[PDB]
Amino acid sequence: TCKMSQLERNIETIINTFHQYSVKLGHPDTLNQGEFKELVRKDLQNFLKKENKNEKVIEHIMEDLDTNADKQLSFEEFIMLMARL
(Lines of atoms letter the chains of each structure in order from A and count residues from 1; the text may use other names and numbers.)
(Lines give C-alpha, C1' and ligand atoms only; values in the text may rest on other atoms or scores of the structure.)
Protein backbone atom coordinates (compact mmCIF):
# COMPACT_ATOMS: atom_id res chain seq x y z
CA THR A 1 0.00 0.00 0.00
CA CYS A 2 0.97 3.69 -0.05
CA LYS A 3 1.10 3.38 3.71
CA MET A 4 3.93 0.85 3.35
CA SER A 5 7.20 2.11 4.80
CA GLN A 6 10.37 1.73 2.78
CA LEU A 7 11.54 -1.08 5.06
CA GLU A 8 8.27 -2.92 4.44
CA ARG A 9 8.46 -2.47 0.66
CA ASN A 10 12.06 -3.63 0.58
CA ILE A 11 11.32 -6.71 2.72
CA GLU A 12 8.45 -7.66 0.37
CA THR A 13 10.79 -7.27 -2.61
CA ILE A 14 13.46 -9.49 -1.07
CA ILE A 15 10.86 -12.17 -0.33
CA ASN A 16 9.48 -11.96 -3.87
CA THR A 17 12.92 -12.04 -5.44
CA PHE A 18 13.89 -15.11 -3.42
CA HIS A 19 10.75 -16.98 -4.55
CA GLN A 20 11.19 -15.66 -8.10
CA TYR A 21 14.27 -17.87 -8.29
CA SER A 22 13.29 -20.68 -5.90
CA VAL A 23 10.15 -21.60 -7.84
CA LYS A 24 12.13 -22.29 -11.01
CA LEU A 25 13.34 -25.85 -10.31
CA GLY A 26 13.01 -28.62 -7.75
CA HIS A 27 11.20 -27.63 -4.55
CA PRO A 28 9.43 -24.25 -5.12
CA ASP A 29 10.38 -22.85 -1.70
CA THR A 30 14.12 -23.39 -1.81
CA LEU A 31 17.11 -22.62 -3.98
CA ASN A 32 19.18 -25.56 -5.23
CA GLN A 33 22.74 -24.80 -6.31
CA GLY A 34 21.78 -23.77 -9.86
CA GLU A 35 18.99 -21.42 -8.75
CA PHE A 36 21.38 -19.83 -6.18
CA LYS A 37 24.20 -19.38 -8.69
CA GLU A 38 21.77 -17.69 -11.08
CA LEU A 39 20.44 -15.27 -8.44
CA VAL A 40 24.00 -14.41 -7.37
CA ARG A 41 25.23 -13.91 -10.96
CA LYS A 42 22.25 -11.84 -12.14
CA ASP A 43 21.31 -9.87 -8.99
CA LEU A 44 24.43 -9.70 -6.84
CA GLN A 45 26.73 -8.61 -9.64
CA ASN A 46 28.07 -5.82 -7.42
CA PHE A 47 27.85 -7.06 -3.84
CA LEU A 48 29.47 -10.29 -5.00
CA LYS A 49 31.53 -9.05 -7.96
CA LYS A 50 34.76 -10.68 -6.75
CA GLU A 51 33.30 -14.03 -5.64
CA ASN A 52 31.21 -14.22 -8.83
CA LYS A 53 34.49 -14.73 -10.68
CA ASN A 54 35.03 -18.18 -9.23
CA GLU A 55 32.10 -20.59 -9.41
CA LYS A 56 33.76 -22.71 -6.72
CA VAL A 57 33.63 -19.70 -4.39
CA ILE A 58 29.90 -19.25 -4.93
CA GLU A 59 29.43 -22.97 -4.30
CA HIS A 60 31.35 -22.49 -1.07
CA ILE A 61 29.11 -19.61 -0.03
CA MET A 62 26.07 -21.82 -0.54
CA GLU A 63 27.56 -24.57 1.65
CA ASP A 64 28.17 -21.94 4.33
CA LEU A 65 24.57 -20.79 4.14
CA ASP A 66 23.14 -24.32 3.96
CA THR A 67 22.78 -24.80 7.72
CA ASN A 68 21.06 -28.20 7.62
CA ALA A 69 23.25 -29.26 4.65
CA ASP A 70 20.35 -30.62 2.59
CA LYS A 71 21.79 -28.95 -0.52
CA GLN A 72 18.89 -26.48 -0.61
CA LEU A 73 18.66 -22.89 0.64
CA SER A 74 15.49 -22.04 2.50
CA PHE A 75 14.52 -18.37 2.82
CA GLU A 76 15.80 -18.18 6.42
CA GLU A 77 19.14 -19.68 5.30
CA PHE A 78 19.50 -17.42 2.26
CA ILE A 79 18.88 -14.13 4.10
CA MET A 80 21.90 -14.78 6.30
CA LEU A 81 23.85 -13.86 3.18
CA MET A 82 22.85 -10.25 3.95
CA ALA A 83 24.74 -10.46 7.24
CA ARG A 84 27.84 -11.95 5.60
CA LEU A 85 28.46 -9.09 3.17
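What we label the rigid core is the largest C-alpha set whose atoms superpose within 1.5 Å from one form to the other. The first residue of the sequence shown is number 1, and the count goes up from there.
Once the structures in 6 other deposited structures of this protein are superposed via the core, the pair 59-67 and 16-24 is resolved in favour of 16-24 as the more displaced stretch (C-alpha RMS).
Averaged over structures and residues, the CA distance from the shown form in 6 other deposited structures of this protein after a core fit is larger for 26-34, of the two stretches 26-34 and 39-47.
Of the two segments examined, 44-52 and 29-37, it is 44-52 that shows the higher average Cα temperature factor in the deposited entry. With 1-9 and 75-83 compared on mean CA B-factor from the PDB entry, the stretch scoring higher is 1-9. Residue 64: CA B factor lies in the highest third for its chain, per the PDB record.
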